[PDB]
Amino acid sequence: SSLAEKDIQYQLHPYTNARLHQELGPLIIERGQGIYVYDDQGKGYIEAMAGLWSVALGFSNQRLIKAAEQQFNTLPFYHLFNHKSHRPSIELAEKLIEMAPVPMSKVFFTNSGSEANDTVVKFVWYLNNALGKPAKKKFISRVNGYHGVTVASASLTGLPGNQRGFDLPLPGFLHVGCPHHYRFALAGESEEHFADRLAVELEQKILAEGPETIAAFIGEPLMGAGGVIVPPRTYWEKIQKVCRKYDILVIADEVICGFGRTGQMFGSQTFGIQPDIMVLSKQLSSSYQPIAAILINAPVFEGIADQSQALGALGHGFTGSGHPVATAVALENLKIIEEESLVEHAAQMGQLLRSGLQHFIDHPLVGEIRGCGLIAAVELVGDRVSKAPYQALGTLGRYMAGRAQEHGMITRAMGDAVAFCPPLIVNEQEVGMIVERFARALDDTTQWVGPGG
């Protein structure tokens, strides 16, 4: 049996058509270095997605690899249960609290972003029980938001592909509108008037459900997996006013935006969010180890702490919570981002990426070019006036991502939008090569469609 035949025989793949997988088999990735990965045929690709929006320092950072070795040879596993602790969890918790964009009290560690958001749901229910508000339990999130895949975190998620066939969302998980002006604003509506209408939708949902029943609002500052959706001017200001009016917690899901993706250290800084709770993962460790972190402010911590005393202990934790190798690698990762000024470098490389894509702004298949910092998308359309797709919605995105792969670049299609999220270490020539491979894929796609006009 070949390695490809064994893959087909033995693995159920995430985010894959299992029947199509039995016919086509895998694309096997063998090795990586810098911004590049190589398949088992020796073909090289720029990883323009940094894997899954995550590999901040690229695929061969020797400082992360040596940090792992040193921790393995000291203490390769221990836990944080029943007052037990270890140095790497303590030093990473200190660094995260001291770099937070608003005053924060404590860190709780998990393996995944999905586990982290699931834990935030439990901690908010625990808190409101502790404060004697047993009705204050409902969550509000947005259409096309992504918050993970557990029964609870996939209920917060607003992408139908995460819910159809899974009996989700659960009761008490509500959704308001996707803040994408290009797709959901009225003809001739300003960004500010769109933001007004979204803030009115939220207030009317709160009043309809009963304000006393609404615990929390969760959002990505900029929505990643749902299409690199930049919210309209004044959205976060007006949404937070409505939340503060009804005593609703604001949760910033920073799993993609965290650690320099949007032009500042946090999406909360870029978009003027003052959250009660932050969720972090992905670039936290450059995905070299599975780890996520929850930051909670003083009021959230004090209520949980009171209830943990009354009930004997906090009845929650994962075996891997604060894993000493994962925390050691994340701590070294954050030191490198600070020491090499990668937040400022990423902001400069992002201006070059956006300028390169903007040469195609009057192309007949280019509907919108969006992003900020070092995250971007180009949304393709069959018709710029109607914004209608070529053939079925998703046809241009799938064709573009296939052509990009042929031209030695891995990008991700989100319907008809193709994404860019390269490693923070990308250099000026490499940004040039990313835009060149985009341009070759667009030329291929244009010849296939034949726009005329």
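Residue numbers run from 1 along the displayed sequence.
For the segment pair 82-90 and 199-207, the entry gives 199-207 the higher mean B-factor, averaged over Cα atoms. The mean Cα B-factor in the deposited entry runs higher for 16-24 than for the other of 16-24 and 438-446. In this entry, the residue among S114, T110, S355, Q283 with the greatest C-alpha B factor is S355.
Ranking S287, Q309, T119, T150 by Cα temperature factor from the entry places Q309 first. Among the modelled residues of the chain, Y38 sits in the highest third by CA temperature factor in this PDB entry. Per the PDB record, residue ranking by Cα B-factor puts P76 in the lowest third of the chain. Compared with the other modelled residues of the chain, the Cα B-factor recorded for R183 ranks in the middle third. Looking at the C-alpha B-factors along this chain, the one for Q264 belongs to the middle third.
The entry lists a Cα temperature factor for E254 that places it in the lowest third of the chain's modelled residues.
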